[PDB]
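Worth knowing before you read on, the calculation uses all heavy atoms, side chains too, and leaves out hydrogens, waters and symmetry mates. All chains are named by letter (A, B, ...) in the order of the sequence lines, taking the proteins before the strands, and each is independently numbered beginning at 1.
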Amino acid sequence: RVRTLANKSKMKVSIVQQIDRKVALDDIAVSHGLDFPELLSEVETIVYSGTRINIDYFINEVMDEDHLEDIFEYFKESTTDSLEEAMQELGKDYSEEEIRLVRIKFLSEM
Amino acid sequence: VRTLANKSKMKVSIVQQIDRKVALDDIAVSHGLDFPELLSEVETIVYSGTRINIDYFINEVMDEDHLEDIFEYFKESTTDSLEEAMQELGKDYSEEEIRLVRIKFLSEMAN
Ligand SMILES: [Cl-]
Ligand code: NA
């Protein structure tokens with residue numbers, strides 16, 4: 001009913017557990033009453049904390065393999081992981097959502 | 001009037017100044033920039049792939065334990081984001097200290 005830091009903390013644990021069980025990210029979003037970009041923001045929070053996740057099962061199903069390869073190469077060769085920088089370089093070809101997803105994979109693989 | 005040509009030239013000059021070990025605050029003044037504006041230009045340079053070394057300046061102006069703690073933060077971080085660094089470090093270190101060490105770290109690890 002009202003967000004608290006404890007329920008936010010528990011939600012993130014839940015999202016991780018769902019990702020481990022290979023639940024589709026869009027299904028996870030619905031399960032928590034989130035829009036897709038809101039879910040991406042939680043997953044980014046999770047990844048920033050150093051939590052090891054793996055969303056290949058989802059990326060491989062929904063994304064164009066060439067888009068994935070080219071966005072990933074951009075991150076491999078980049079100096080900063082910044083989304084703003086990635087949009088400046090890649091935004092003429094790829095959406096924010098594609099770039100955010102591959103960025104999650106890239107940061108998670110550190 | 002700023003143009004893409006004279007901005008590119010200014011950056012070339014900044015890189016040369018840093019190579020010649022000119023203090024960053026002196027570089028700022030020489031280009032009519034305030035310090036944070038200079039930091040923004042040095043960030044642009046580093047993002048582009050130029051391996052600059054600003055140890056001579058950091059070692060002169062920054063507290064040694066501050067440098068080590070912030071550097072360690074970046075080494076252990078997942079994202080290099082300034083926003084995340086500020087959330088994690090902003091109660092102990094200034095934005096300028098964090099930006100300087102982040103330049104050092106990004107240049108070393110990538111460029
Ligand atoms: Cl992080
Ligand atoms: Na696209």
Practice task
Measure the shortest side-chain to side-chain distance between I53(A) and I104(A) over non-hydrogen atoms and say whether it is less than 4.5 angstrom.
Solution key: yes

Handout entry: Partner set under side-chain contact (heavy atoms from CB on, under 4.5 Å) for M110(A), not counting sequence neighbours
Key = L107(A), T78(B)

Exercise for the section: State the CG-OG1 distance between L82(B) and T80(A), to the nearest 0.5 angstrom. Expected result: 10.0 Å

Practice task
Check the surroundings of atom NZ in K75(B): do more than 12 heavy atoms from other residues, nucleotides or ligands lie under 6.0 Å from it?
Solution key: yes

Problem - Counterpart residues, ring pair (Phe, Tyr, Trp, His ring centres under 6.0 Å), relative to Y73(B) (two or more places apart) - result: none

Handout entry: Other residues, nucleotides, ligands: >12 heavy atoms within 6.0 Å of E83(B) CD
Key = no

Exercise for the section: Quick one: list whatever passes side chain to side chain donor-acceptor pair (under 3.5 Å) with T44(B), sequence neighbours left out. Expected result: none

Handout entry: Residues forming a side chain to side chain donor-acceptor pair (under 3.5 Å) with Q87(B), sequence neighbours excluded
Key = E84(B)

Exercise for the section: Decide yes or no for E97(B) and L89(B): does some side-chain heavy atom of the first lie under 4.5 Å from some side-chain heavy atom of the second? Expected result: no

Handout entry: Contact list for residues 58-68 of chain A, test salt bridge (charged side-chain N to carboxylate O under 4.0 Å, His left out), sequence neighbours left out
Key = none

Practice task
For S40(B), check side chain to side chain donor-acceptor pair (under 3.5 Å) against everything at least two apart and list the hits.
Solution key: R99(B)

Exercise for the section: Would you mind reporting whether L101(A) and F58(A) have side-chain heavy atoms less than 4.5 Å apart? Expected result: yes

Fill in the blank from the handout: Separation between CZ (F106(A)) and CD (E73(A)), nearest 0.5 Å, reads 12.0 Å

Problem - Connected via hydrophobic side-chain network under 4.5 Å: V30(A) and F36(A) - result: no

Problem - Any pair counted as salt bridge (charged side-chain N to carboxylate O under 4.0 Å, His left out), so long as it reaches residues 16-28 of chain B, sequence neighbours left out - result: none

Practice task
Using the side chain to side chain donor-acceptor pair (under 3.5 Å) rule, collect all pairs that involve residues 48-60 of chain A, keeping only residues at least two apart or in two chains.
Solution key: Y48(A)-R103(A), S49(A)-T51(A), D56(A)-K105(A)

Completion exercise
Rounded to the nearest 0.5 Å, the OG atom of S30(B) sits from the CG atom of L38(B) at a distance of 8.0 Å

Problem - Pair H32(A)-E42(A), side-chain donor/acceptor within less than 3.5 Å - result: no

Handout entry: Check: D81(A) side chain, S81(B) main-chain N or O, donor-acceptor pair, under 3.5 Å
Key = no

Handout entry: side-chain contact (heavy atoms from CB on, under 4.5 Å) between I71(A) and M63(A), intermediate numbers included
Key = CA-CA 11 Å; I71(A) 296 162; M63(A) 290 185 54; 4.1 Å; yes

Practice task
Flag the pair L25(A) / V62(A) as yes when at least one side-chain heavy-atom distance between them is below 4.5 Å, and no otherwise.
Solution key: no

Problem - hydrophobic_cluster_shared for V13(A) and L34(A), side chain cutoff 4.5 Å - result: no

Problem - Spatial distance of atom CD1 (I46(A)) from atom CD1 (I19(A)) [nearest 0.5 Å] - result: 5.5 Å

Handout entry: With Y94(A) via ring pair (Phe, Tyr, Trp, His ring centres under 6.0 Å) - residues at least two apart
Key = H67(A)

Practice task
Check whether any side-chain heavy atom of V42(B) sits under 4.5 Å from a side-chain heavy atom of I27(B), and report yes or no.
Solution key: no

Handout entry: Gap separating the CD1 atom of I59(A) from the CZ atom of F72(A), nearest 0.5 angstrom
Key = 11.5 Å

Handout entry: Qualifying side chain to side chain donor-acceptor pair (under 3.5 Å) pairs, either residue in residues 4-14 of chain B, two or more places apart
Key = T3(B)-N6(B)

Handout entry: Closest non-hydrogen atom pair, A110(B) against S78(A)
Key = CB-O, 4.0 Å

Handout entry: side-chain contact (heavy atoms from CB on, under 4.5 Å) between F74(B) and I98(B), worked out
Key = CA-CA 10 Å; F74(B) 283 109; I98(B) 292 168; 4.0 Å; yes

Practice task
Taking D34(B) for its side chain and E37(B) for its backbone only, find out whether a donor-acceptor pair lies under 3.5 Å.
Solution key: yes

